[PDB]
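I have placed the structure first, in the form of structure tokens, so that the comments after it can refer back to it.
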Amino acid sequence: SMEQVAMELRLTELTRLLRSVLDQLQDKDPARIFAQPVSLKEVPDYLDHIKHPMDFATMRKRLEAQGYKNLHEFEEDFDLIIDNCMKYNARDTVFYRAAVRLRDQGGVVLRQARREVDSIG
């Protein structure tokens, strides 16, 4: 139907906007600490601690399949990246500290993303 096509176009357009958001957030991780999944070869107990792992590569896979239906779903995955890191790692670590800085810098980008998503519909 035409209604289904129009809904598909809206999802494609959201996908384009989320890809720009993802690129902007990932620039706030210049050390690439969050670029890839925590390796279970290297951190074999990770899944005993963290029940829903997340990372930027995994979000990019989901995004390119158009698997984010709305900005809430995308933000949920970004907050998992931060929140997982701040539980597994202590305050005095480069990991924890990178997550704080990504959270603080990302909030700015996400504040305007929410306005754009709402504005454009």
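Quick note on naming: the chains in the structure tokens go A, B, ... in the order shown, residues restart at 1 in each chain, and ligands are numbered from 1 in order of appearance.
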Neighbour list for segment 79-88 of chain A as a list in words, cut-off 8 Å, only C-alpha atoms, skip fewer than 5 positions in-chain:
residues 34, 49, 50, 52, 53, 54, 55, 56, 95, 96, 99, 100, 102 and 103 of chain A
Sorted by chain and rising residue number, list the residues of segment 31-92 of chain A at most 7 Å from segment 9-24 of chain A (counting only C-alpha atoms), each with its closest atom pair and distance in Å to one decimal, as JSON lines.
{"residue": "A:63", "atom": "CA", "partner": "A:15", "partner_atom": "CA", "distance": 6.5}
{"residue": "A:66", "atom": "CA", "partner": "A:15", "partner_atom": "CA", "distance": 6.1}
{"residue": "A:69", "atom": "CA", "partner": "A:11", "partner_atom": "CA", "distance": 6.8}
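Atom CA of residue 74 of chain A is positioned 25.0 Å from atom CA of residue 94 of chain A.
Using only C-alpha atoms, the shortest contact distance between residue 27 of chain A and any of A:111, A:92, A:117, A:106 is found at A:106.
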So, counting only C-alpha atoms, which residue among A:30, A:1, A:40, A:71 is closest to residue 112 of chain A?
A:71
DSSP helix (DSSP H, G or I) residues within chain A, listed as a PyMOL selection string
chain A and resi 2-27+46-49+56-64+71-88+94-120
One-decimal distance in Å that lies between atom CA of residue 109 of chain A and atom CA of residue 51 of chain A:
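Answer for the atom CA of residue 51 of chain A to atom CA of residue 109 of chain A separation: 26.9 Å.
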What does the distance between atom CA of residue 59 of chain A and atom CA of residue 25 of chain A come to in Å, to one decimal place?
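Separation between atom CA of residue 59 of chain A and atom CA of residue 25 of chain A: 11.6 Å.
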